[PDB]
Every structure is written in C-alpha cells, then in structure tokens.
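The figures that follow rest on heavy atoms only: side chains count, while hydrogens, waters and symmetry mates do not. By convention here, the first residue in the shown sequence is residue 1. Order of appearance sets the numbers: ligands from 1, and atoms from 1 within every ligand.
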Amino acid sequence: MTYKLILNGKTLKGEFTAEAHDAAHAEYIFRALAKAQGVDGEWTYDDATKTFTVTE
Ligand SMILES: [Cl-]
Ligand code: NA
Ligand code: NA
Ligand SMILES: [Zn+2]
C-alpha cells in the first residue's frame with residue numbers, strides 16, 4: 001500500500017510516498033529517512049489518509 005510522509009524541518013522540507021507492506025513498515029521507513037536527514041520532532045499518523053508527518 002502507498003503511504004505518505006510530510007517532512008517539515010526547519011530548513012529541510014518534503015513530501016514523499018513509499019510503497020510499504022503496512023503502517024508499521026511505512027513508519028520504519030519514514031523514521032529512518034528523517035533520522036538520516038537529521039530531522040526529528042513531533043510525529044503524527046493518520047490512518048484514514050495513510051499519512052505520517054514529522055515537524056521540527
Ligand atoms: Cl523490516
Ligand atoms: Na532541522
Ligand atoms: Na511504531
Ligand atoms: Zn519487515
């Protein structure tokens with residue numbers, strides 16, 4: 001299934017989609033993406049829209 005990430009960093013910003021088996025796998029992928037970019041903050045997940053956000 002397709003999941004979305006909105007990455008709202010101070011100087012790094014993005015919207016991504018990933019194909020993942022389930023939400024736990026999407027979360028894993030997106031958390032690793034944000035961590036490699038040095039972006040951490042408040043995380044959100046909305047199952048109805050299959051959307052994660054991270055805001056610094
Ligand atoms: Cl895994
Ligand atoms: Na930042
Ligand atoms: Na989790
Ligand atoms: Zn796995």
For atom [atom1] of [X], is the number of surrounding heavy atoms from other residues, nucleotides or ligands below 6.0 Å larger than 12?
X: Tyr45; atom1: OH; value: yes
X: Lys35; atom1: NZ; value: no
X: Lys50; atom1: NZ; value: yes

- Message: Need the atom name: nearest N/O/S atom of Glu27 to the Na ion (ligand 3).
- Response: OE1

- Task: To the nearest 0.5 Å, tell me how far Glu56 CD sits from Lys13 NZ.
- Result: 8.5 Å

- State the atom name: nearest N, O or S atom of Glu56 to the Na ion (ligand 2). OE1

- Query: Do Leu33 and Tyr28 belong together in a cluster built from hydrophobic side chains that touch within less than 4.5 Å?
  - Reply: no

- Message: Measuring only between side-chain heavy atoms, which start at C-beta, is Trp43 closer than 4.5 Å to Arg31?
- Response: yes

- If we only count heavy atoms from C-beta on, is the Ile6 to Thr51 side-chain gap below 4.5 Å? yes

- Note on the structure: The protein N, O or S atoms lying under 2.8 Å from the Zn ion (ligand 4) are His25 NE2

